[PDB]
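> My questions all concern the structure below.
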Amino acid sequence: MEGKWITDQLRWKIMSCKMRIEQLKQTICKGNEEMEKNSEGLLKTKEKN
Amino acid sequence: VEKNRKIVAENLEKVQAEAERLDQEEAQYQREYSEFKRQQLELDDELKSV
(Lines give C-alpha, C1' and ligand atoms only; values in the text may rest on other atoms or scores of the structure.)
Protein backbone atom coordinates (compact mmCIF):
# COMPACT_ATOMS: atom_id res chain seq x y z
CA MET A 1 0.00 0.00 0.00
CA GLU A 2 2.89 2.43 0.56
CA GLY A 3 3.69 2.20 -3.15
CA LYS A 4 0.05 2.50 -4.21
CA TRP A 5 -0.67 5.32 -1.75
CA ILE A 6 2.03 7.52 -3.31
CA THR A 7 0.74 6.89 -6.83
CA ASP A 8 -2.84 7.34 -5.62
CA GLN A 9 -2.05 10.74 -4.12
CA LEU A 10 -1.00 11.79 -7.60
CA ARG A 11 -4.04 10.13 -9.11
CA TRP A 12 -6.03 12.48 -6.88
CA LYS A 13 -3.80 15.50 -7.59
CA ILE A 14 -4.34 14.95 -11.30
CA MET A 15 -8.08 14.35 -10.99
CA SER A 16 -8.42 17.33 -8.66
CA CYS A 17 -6.58 19.53 -11.17
CA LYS A 18 -8.84 18.30 -13.96
CA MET A 19 -11.83 19.48 -11.93
CA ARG A 20 -10.24 22.91 -11.50
CA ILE A 21 -9.30 23.02 -15.18
CA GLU A 22 -12.91 22.29 -16.09
CA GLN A 23 -14.40 24.79 -13.65
CA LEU A 24 -11.91 27.53 -14.48
CA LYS A 25 -12.52 26.98 -18.19
CA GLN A 26 -16.30 27.35 -17.92
CA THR A 27 -15.72 30.28 -15.53
CA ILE A 28 -13.89 32.05 -18.36
CA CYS A 29 -16.60 30.97 -20.80
CA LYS A 30 -19.16 32.57 -18.49
CA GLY A 31 -16.81 35.49 -17.85
CA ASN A 32 -16.60 36.11 -21.59
CA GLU A 33 -20.36 35.90 -22.18
CA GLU A 34 -20.81 38.85 -19.82
CA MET A 35 -18.31 40.62 -22.07
CA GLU A 36 -20.46 40.41 -25.19
CA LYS A 37 -23.60 41.09 -23.12
CA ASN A 38 -22.36 44.09 -21.14
CA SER A 39 -20.25 45.53 -23.95
CA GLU A 40 -23.27 45.33 -26.25
CA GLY A 41 -25.31 46.86 -23.45
CA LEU A 42 -22.64 49.56 -23.24
CA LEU A 43 -23.01 50.23 -26.97
CA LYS A 44 -26.82 50.39 -27.05
CA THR A 45 -26.75 52.62 -23.97
CA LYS A 46 -24.25 54.93 -25.65
CA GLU A 47 -26.32 55.32 -28.82
CA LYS A 48 -29.42 55.70 -26.66
CA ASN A 49 -27.72 58.36 -24.54
CA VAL B 1 -11.00 38.39 -17.84
CA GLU B 2 -11.93 39.46 -14.33
CA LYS B 3 -10.29 42.89 -14.52
CA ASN B 4 -11.61 43.93 -17.93
CA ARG B 5 -15.05 42.66 -16.91
CA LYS B 6 -15.05 45.12 -14.01
CA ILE B 7 -13.94 47.84 -16.43
CA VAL B 8 -16.83 47.23 -18.83
CA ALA B 9 -19.22 46.74 -15.92
CA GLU B 10 -18.20 50.13 -14.56
CA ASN B 11 -18.49 51.66 -18.03
CA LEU B 12 -22.04 50.33 -18.37
CA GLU B 13 -22.88 51.51 -14.85
CA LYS B 14 -21.44 54.98 -15.45
CA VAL B 15 -23.21 55.43 -18.79
CA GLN B 16 -26.53 54.08 -17.54
CA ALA B 17 -26.33 56.42 -14.54
CA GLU B 18 -26.15 59.24 -17.08
CA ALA B 19 -29.27 57.96 -18.86
CA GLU B 20 -31.03 58.17 -15.51
CA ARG B 21 -29.72 61.72 -15.14
CA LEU B 22 -31.19 62.73 -18.50
CA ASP B 23 -34.40 60.93 -17.54
CA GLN B 24 -34.55 63.10 -14.41
CA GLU B 25 -33.88 66.14 -16.60
CA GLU B 26 -36.68 65.29 -18.99
CA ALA B 27 -38.98 64.71 -16.05
CA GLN B 28 -38.38 68.29 -14.95
CA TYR B 29 -38.70 69.44 -18.55
CA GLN B 30 -42.07 67.76 -18.78
CA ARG B 31 -43.11 69.51 -15.59
CA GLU B 32 -41.86 72.91 -16.72
CA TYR B 33 -43.04 72.58 -20.30
CA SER B 34 -46.51 71.50 -19.17
CA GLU B 35 -46.95 74.69 -17.18
CA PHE B 36 -45.80 76.71 -20.18
CA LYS B 37 -48.33 74.80 -22.25
CA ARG B 38 -51.09 75.43 -19.71
CA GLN B 39 -50.28 79.18 -19.72
CA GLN B 40 -50.12 79.23 -23.52
CA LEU B 41 -53.44 77.42 -23.74
CA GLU B 42 -55.02 80.07 -21.55
CA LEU B 43 -53.41 82.86 -23.55
CA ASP B 44 -54.67 81.23 -26.76
CA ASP B 45 -58.26 81.51 -25.53
CA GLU B 46 -57.63 84.94 -24.06
CA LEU B 47 -56.34 86.18 -27.40
CA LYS B 48 -59.49 84.76 -28.92
CA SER B 49 -61.69 86.31 -26.27
CA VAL B 50 -60.13 89.72 -26.82
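Chain lettering (A, B, ...) mirrors the order of the C-alpha coordinates, residue numbering begins at 1 for each chain separately, and ligand numbering begins at 1 in order of display.
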Residues of chain B near chain A: apply a cut-off of 8 Å, count only C-alpha atoms, and supply the list as a PyMOL selection string.
chain B and resi 1-2+5+8-9+11-12+15-16+18-19
> Atom CA of residue B:50 to atom CA of residue B:35: how many Å, to one decimal?
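Computing the Euclidean distance for atom CA of residue B:50 and atom CA of residue B:35 yields 22.2 Å.
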